[PDB]
Amino acid sequence: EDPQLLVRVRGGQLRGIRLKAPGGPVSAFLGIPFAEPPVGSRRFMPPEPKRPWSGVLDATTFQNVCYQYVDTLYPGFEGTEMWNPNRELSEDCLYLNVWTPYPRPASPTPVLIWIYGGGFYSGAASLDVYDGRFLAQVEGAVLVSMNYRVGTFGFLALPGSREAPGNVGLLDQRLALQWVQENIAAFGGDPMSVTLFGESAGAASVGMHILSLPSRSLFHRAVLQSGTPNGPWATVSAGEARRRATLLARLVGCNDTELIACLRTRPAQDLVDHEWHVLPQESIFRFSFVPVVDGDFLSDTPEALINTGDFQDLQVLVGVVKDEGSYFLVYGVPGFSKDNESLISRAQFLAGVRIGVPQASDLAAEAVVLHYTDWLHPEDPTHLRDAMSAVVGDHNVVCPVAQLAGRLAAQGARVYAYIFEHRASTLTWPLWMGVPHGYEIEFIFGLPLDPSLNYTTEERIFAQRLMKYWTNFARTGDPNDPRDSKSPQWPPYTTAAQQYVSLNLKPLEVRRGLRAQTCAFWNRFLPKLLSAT
Amino acid sequence: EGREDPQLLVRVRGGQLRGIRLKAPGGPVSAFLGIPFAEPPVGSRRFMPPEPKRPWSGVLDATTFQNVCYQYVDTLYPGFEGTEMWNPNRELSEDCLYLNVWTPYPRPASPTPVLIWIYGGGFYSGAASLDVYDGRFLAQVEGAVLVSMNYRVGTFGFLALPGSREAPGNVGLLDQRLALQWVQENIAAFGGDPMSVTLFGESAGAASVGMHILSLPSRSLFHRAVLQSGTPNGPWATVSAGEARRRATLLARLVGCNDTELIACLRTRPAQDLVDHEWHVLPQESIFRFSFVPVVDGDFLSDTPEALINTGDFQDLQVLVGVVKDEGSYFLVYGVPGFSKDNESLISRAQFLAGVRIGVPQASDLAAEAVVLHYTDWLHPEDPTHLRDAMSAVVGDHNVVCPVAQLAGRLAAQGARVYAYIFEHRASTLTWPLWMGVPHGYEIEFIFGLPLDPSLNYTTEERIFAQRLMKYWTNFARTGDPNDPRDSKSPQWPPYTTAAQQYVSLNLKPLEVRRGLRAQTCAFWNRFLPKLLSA
Ligand SMILES: *[C@@H]1O[C@H](CO)[C@@H](O)[C@H](O)[C@H]1NC(C)=O
Ligand SMILES: *[C@@H]1O[C@H](CO)[C@@H](O)[C@H](O)[C@H]1NC(C)=O
């Protein structure tokens, strides 16, 4: 009975398991319950804290993945399967995982908390790309990740109802945050230094915790990778949430109480079977059940809240990958496949824009097409294909991020910004997608440090830099190596200079303006064009 | 005659003329100045189409420039060379329909290709007697036959009550056309070839050339065309019948006045009264907008230039078109608040947004925001230096560069052989501030070969640059191709095409081919904007 792998939290005792990291062992405590299972009549409900348990809870394996849609686009293909559930699906999924150094940290170690993405309809803390052993071993970090309910189970709301209030998936995340405050010290973590980080919907979730007062007392810094609370896909209005809820009730044969009761009696998979059929138009990068502006968790829209918020003692690191948009195109944009080079016609390009900006009037769609056309080569399919990707990435990630960065900087926050431009040598997607949404994660978690994975040696040294930036930021709110001259320095992002850095195999390069002209189009012009139809 | 120079006596359809032997750096030229080509458009003929000049008796002296067409005189900067060089340099008069001819001396052996200059000046000003329009250098150095005419400007040239008999509109254009006919009938007497006539002009001169291309009756009077910094399409060169009627009647009101009775009253007002009120009839505070311009009458212009270029066949047509680097700067100092020739005109963002409302007077609030968003440098949105240059670019792009881009595109796509350039050399002798760069109108002195006059103080490289230009221009007149058939060592100037969109730069360095004439931005103006303000 190894004492290092024994811990006492408020609910009782846990036994973790010693794991092998390339350069040493780490303590891992997997599958810790932080809430009463959200099953039966608890479905759609805010989480309750897990009840105490007798004896020693075996905490040595990953628990169930939250019930969610499973991808079929490219069955067997690693590039998609790597995102699929790698454990059994269950509504009983409210568990977190903790990795520490082995032996346990002598003094209180900064805590990093990972929040996975997946459009708010999928994701699991157990995926290999989120393996915390590397940062724990190498940077001596204490790392936490949780599951939170997705799709209908986490975000289906009948706003104002008692039995489907909305945002329960975010409440799951908040509950795990509180658990970390109350328990992390037992593991050698510092509850007074907690950094959230996440990607895609995970980044947006972090963003929402920034924008929701009750969450604020639970962390000190935030890292948002390729996702924001603001923007087209991350939130919906109370009205539109009510709309999608009842339409789904209808699709499954169903006053709120009555409706919600009948929904609670449907097998999980019946709900998932119609998840995708409540969307108001044909679209990409749009998801059926996501956080809802309820005047509660979110008191106003994210855009309102970031405009008027005070972000004084906040430090935030934000960034995007070189090709945010490409991944989404193969999911139903006519012309795109991972198999051909998806060179497209001008006709397909226009068609793709109606889908990419589902909310756009004819005139607005025209404006997008004109802005993104290369008038020197208005009909070259390589340009058209790339352009289609940029529309999607820019509309949904880059410009929302540029927007957020500016507002936080302007309003007191210390902001650091990056763009990730290195395509992994082991990447299974076609070259034309470049560096897609999701593919910086393996580097930040340090997977290339595992030799059996067959990353080049440069990628290994890269991974080490990234882990150092992230953990430095975690320790100090500044990504820069606190004793190290010349890189040169990573400068803060400010509305004036608008400096950000390029993360790739070459040393840090400071650039100015994150797509400034194009984000002006998306952030400043398009809105006028639509709020005037 | 008897003791007169025998090579300066020439007969034309209306009578005998005596010309003058002028000095040019490389030798003498024959000049015939102030040849009347129309009945004085005075009295009951004001606003009326020109009638051919009635034959005269004896030898008409053609040794000096004639009256300049009655017009507004610039007062912005008294005595300043930069403005004065464009001001009238002869007595103002409604009796002003005269043309000028320059030929080699003695006159050429075989029939020489003919160049015809049409001065610009917003359709409210201009004169063929200005120094920058001196044909003596092209005639001497290139052996060209060069012809320039006066045509009526302002109210006298363009005030229209469309439909009416006494003020049909476009008579200024008709003055121009009559001089073209005059050249057809008479230019052989000077050694000119009526079978080889090239039109060239600048600003409203260029738009004029454009309208002759779009007007059937003019089509048979010339073979090739050059448009410098101007087009028949675009926002300032024409008005609808409705708008011209409106401006015509508003002006009559302003001076104290059934169209017949209205026009009849106007014909009694002194020319100066008309000039003194012509700027007051514009719909909005604006730059690069003129009160009295060609009207779309379903006659001279059968439809809009925009329409006609979109649908006409231009198989048989060669055209050279271009722009200067800084088309807009000149206009900013005429009443965009913040700008002056005496300081750097560094402006504020507020002054930039105010300037945009003025430069795009037709623009709704949304359209003007679009313009400002497109032109703001979002890295330095407050930088007074980018704002000043952006303001100049807005004016230049909207009024010239994008209409010209649009024109070259449509013409090439429909038959024409098109050559395109941007002129980028600031004259060492320029009196305007550096911030203005290469302003509207400042290529002209090079094309006409002024730097060849030793007393002028141009640099030697400029003197050589001028010769290159005169060469491209005359080569195009002769052949429909600017390129020297001999010189293949020198880099070639390729036609402009929808496919490649190639054009050359014109500076002290050798020809450099570039691709895309402000393509992205011109998409904004030519494709997006029109659709926008249909809302
Ligand atoms: C330049 O001159 C004009 C007129 O005198 C003036 O209105 C403008 O403000 C001046 N610019 C500056 C900033 O000195
Ligand atoms: C050219 O330079 C000479 C020498 O100073 C000067 O006297 C003359 O006036 C100048 N001519 C012009 C046109 O400026």
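Calculation rules
- Residues numbered from 1 in each chain as written, not as in the entry; some residues may be left out.
- Chains lettered and ligands numbered in written order.
- Heavy atoms only, no water.
- Residues with missing side-chain atoms left out of burial classes, pairs and counts.
- Salt bridge = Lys/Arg side-chain N within 4 Å of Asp/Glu carboxyl O.
- Helix = DSSP H or I, 4+ residues; strand = E, 2+ residues; numbered from the N terminus.
- Buried < 20%, exposed > 50% of the residue type's maximum accessible area, 1.4 Å probe, protein only.
- UniProt positions renumbered as here; feature names shortened; annotations may be inferred.
- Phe/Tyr/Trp six-rings, centres within 6.5 Å; stacked < 30°, edge-to-face > 60°.
- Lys NZ or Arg CZ within 6 Å of the ring centre and 35° of its normal.
- Pairing = 2+ DSSP bridges.
- Axes fitted to C-alpha atoms, helices over the stretch in contact; angles between N-to-C directions.
- 1 Å grid on protein atoms, 1.4 Å probe; cavity = no way out; pocket = protein on both sides within 12 Å on 5 of 7 lines; lining within 4 Å.
- Points joined across faces, edges and corners; volume = space filled by probe spheres on them.
- Nonpolar A, V, L, I, M, F, W, Y, C, P; charged D, E, K, R; others polar.
- Near = heavy atom within 4 Å.
- Polar contact = N/O pair within 3.5 Å; in protein donor to acceptor, adjacent residues only side chain to side chain.
- Areas by Shrake-Rupley, 256 points an atom, 1.4 Å probe, with all protein chains shown as cover.
- Disulfide = S-S within 2.5 Å.
- Contact = heavy atoms within 4.5 Å.
- Expected span 1.5 Å × (residues − 1).
- Buried area = accessible area lost by both parts, 1.4 Å probe.
- Parallel < 35°, antiparallel > 145°, perpendicular 65-115°, else oblique.

**Brief notes about the pattern of salt bridges**
Residues and elements named next belong to chain A. Here the structure, examined in full by the defined rule, presents 40 salt bridges over all chains. As a salt-bridge pair, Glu 36 and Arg 51 come within 2.8 Å of each other at their nearest N and O atoms. Taken together, the positions of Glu 36 in the loop between β4 (24-33) and β5 (56-58) and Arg 51 in the loop between β4 and β5 put the pair 15 residues apart, joining distant regions of the chain. For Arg 51, a relative accessible area of 53% translates into the label exposed. Between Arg 511 and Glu 509 there is a salt bridge, with its nearest N and O atoms 2.9 Å apart. On the basis of relative accessible area, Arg 511 is assigned to the partly exposed category, the value being 23%.

**Some remarks on the UniProt feature "active site" in chain B**
Residues and elements named next belong to chain B. Per the UniProt record, the feature "active site" sits at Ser 203, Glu 327 and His 440. Here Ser 203 is to be found in the loop between β11 (192-202) and α5 (204-213). Given a relative accessible area of 8%, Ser 203 falls into the buried group. The exposure class assigned to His 440 is buried, which follows from its relative accessible area of 8%.

**So, the packing of aromatic side chains**
Applying the stated criterion to the full structure yields 80 aromatic pairs over all chains. Ring geometry for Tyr 72 of chain B and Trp 279 of chain B: centres 6.0 Å apart, planes at 75°, overall edge-to-face. Given the relative accessible area of 29%, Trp 279 of chain B is considered partly exposed. For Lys 338 of chain A, the ring lying beneath its charged end belongs to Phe 77 of chain A, and the centroid distance is 4.4 Å. Note that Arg 349 of chain B overlies the ring of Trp 378 of chain B, its terminal NZ or CZ placed 5.5 Å from the centroid.

**Re the sheet that holds strand β12 (residues 224-228) of chain B**
Residue and element names in this part refer to chain B. Strands sit in the order β3-β4-β8-β10-β9-β11-β12-β15-β16-β17-β18 across an open sheet of 11 strands; the sheet is mixed. Strand pairing shows two members of the sheet lacking a second neighbour, β3 (20-24) and β18 (512-515), which therefore form its edges. Strand-to-strand twist in this sheet, taken as the mean axis angle between neighbours without regard to direction, amounts to 25°. Bridging between β3 and strand β4 (residues 27-36) involves five bridges; their strand directions are antiparallel.

**As for the layout of surface pockets**
All names here are of chain B. In this structure, the largest pocket encloses a volume near 1,500 Å³. Counting residues per element, the lining of the largest pocket draws most heavily on helix α17 (residues 519-532), at eight residues. Of the residues that constitute the lining of the largest pocket, the class distribution is 26 nonpolar, 15 polar and seven charged.

**Side note on the site of ligand 1**
All names here are of chain B. Close to ligand 1 lie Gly 338, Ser 340, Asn 343 and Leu 346, which account for all nearby residues. Interatomic distance of 2.4 Å between a side-chain N/O atom of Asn 343 and an oxygen atom of ligand 1. For ligand 1, whose unbound accessible area comes to 360 Å², protein coverage reaches 40%.

**A closer look at the UniProt feature "disulfide bond" in chain A**
All names here are of chain A. At 2.1 Å, the distance between the sulfur atoms of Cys 66 and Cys 93 falls under 2.5 Å, matching the disulfide given in UniProt. Within this pair, whereas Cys 66 is found in strand β6 (residues 65-66), its partner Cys 93 is found in the loop between β7 (89-90) and β8 (95-101), the two being separated by 27 residues in sequence. For the pair shown, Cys 66 and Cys 93 are each scored as buried. A sulfur-sulfur distance of 2.1 Å between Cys 254 and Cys 262 means the disulfide UniProt records for this pair is formed in the structure. Judged by its relative accessible area of 39%, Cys 254 falls in the partly exposed class.

**A word on the side chain of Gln 414 of chain B**
Locating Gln 414 of chain B in the fold gives a position in the loop between α14 (384-412) and β16 (417-423). Setting aside residues no more than four positions away along its own chain, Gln 414 of chain B makes contact with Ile 309, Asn 310, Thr 311, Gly 312, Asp 313, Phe 314 and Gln 315 of chain B.

**Focus: the sheet that holds strand β2 (residues 12-15) of chain A**
Residue and element names in this part refer to chain A. Taken together, three strands build an open sheet; the order of strands is β1-β2-β5 and the sheet is mixed. With one partner strand each, in any of the chains shown, β1 (6-9) and β5 form the two edges of the open sheet. Averaged over all neighbouring strand pairs, the angle between strand axes comes to 35°, with direction disregarded. As defined by bridge partners, β2 adjoins β5 across three bridges and the pair is classed as parallel. Bridging across to β5, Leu 14 finds its partner in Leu 57.

**Observations regarding helix α4 (residues 171-186) of chain B**
All names here are of chain B. Helix length check: α4 (16 residues) gives 22 Å between terminal C-alpha atoms against 22 Å at 1.5 Å per residue, within 8%. Of all 16 residues making up α4, 12 are buried, and the element is well covered by its neighbours. The set of residues buried in α4 consists of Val 171, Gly 172, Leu 173, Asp 175, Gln 176, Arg 177, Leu 178, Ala 179, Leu 180, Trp 182, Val 183 and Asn 186.

**Notes on the interface of chain A and chain B**
Each partner contributes to the interface: chain A provides 22 residues, whereas chain B provides 21 residues. Buried area between chain A and chain B, summed over both chains or domains, comes out near 1,800 Å², and the portion from carbon and sulfur atoms is 66%. Looking only at chain A, the three residues that lose the most surface to chain B are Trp 375, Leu 376 and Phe 525 of chain A, adding up to 34% of its buried area. Scanning the region where chain A abuts chain B turns up zero salt bridges. Summed over the shared surface of chain A and chain B, the result is six residue pairs in polar contact. Secondary structure elements with two or more residues in the side of chain A that touches chain B: α12 (362-372) and α16 (516-530) of chain A. Broken down by element, the side of chain A that touches chain B gets its largest block of residues, seven residues, from α16 of chain A. In terms of residue class, the side of chain A that touches chain B is made up of 11 nonpolar, six polar and five charged.

**Side note on the packing of α16 of chain A against helix α13 (residues 365-375) of chain B**
Packing of α16 of chain A against α13 of chain B brings their axes to within 10 Å, and their N-to-C directions diverge by 175°. Comparing the axis directions of α16 of chain A and α13 of chain B gives the class roughly antiparallel. Contacts between α16 of chain A and α13 of chain B pair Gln 517, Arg 524, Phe 525, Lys 528 and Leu 529 of chain A from the former with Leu 366, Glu 369, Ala 370, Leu 373 and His 374 of chain B from the latter. Split by residue class, the contact of α16 of chain A with α13 of chain B holds five nonpolar, two polar and three charged.

**Regarding the UniProt feature "active site" in chain A**
Residues and elements named next belong to chain A. UniProt's entry tags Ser 200, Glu 324 and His 437 with the feature "active site", counted in the numbering of this structure. With a relative accessible area of 6%, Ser 200 lands in the buried category. Ignoring anything within four residues of it in the chain, the contact list for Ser 200 reads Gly 117, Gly 118, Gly 119, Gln 225, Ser 226, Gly 227, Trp 233 and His 437. Following the sequence through the fold, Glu 324 ends up in the loop between β15 (315-321) and α11 (346-356).

**Concerning the UniProt feature "disulfide bond" in chain B**
All names here are of chain B. Measuring sulfur to sulfur gives 2.1 Å for the UniProt disulfide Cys 69/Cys 96, short enough to count as a bond. Note that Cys 69 is positioned in strand β6 (residues 68-69) and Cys 96 in the loop between β7 (92-93) and β8 (98-104), a separation of 27 residues in sequence. Of the two residues examined, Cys 69 and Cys 96, each falls in the buried class. UniProt pairs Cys 402 with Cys 522 in a disulfide, and the coordinates agree: the sulfur atoms lie 2.1 Å from each other. Highlighted residues: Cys 402 in helix α14 and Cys 522 in helix α17, separated in sequence by 120 residues.

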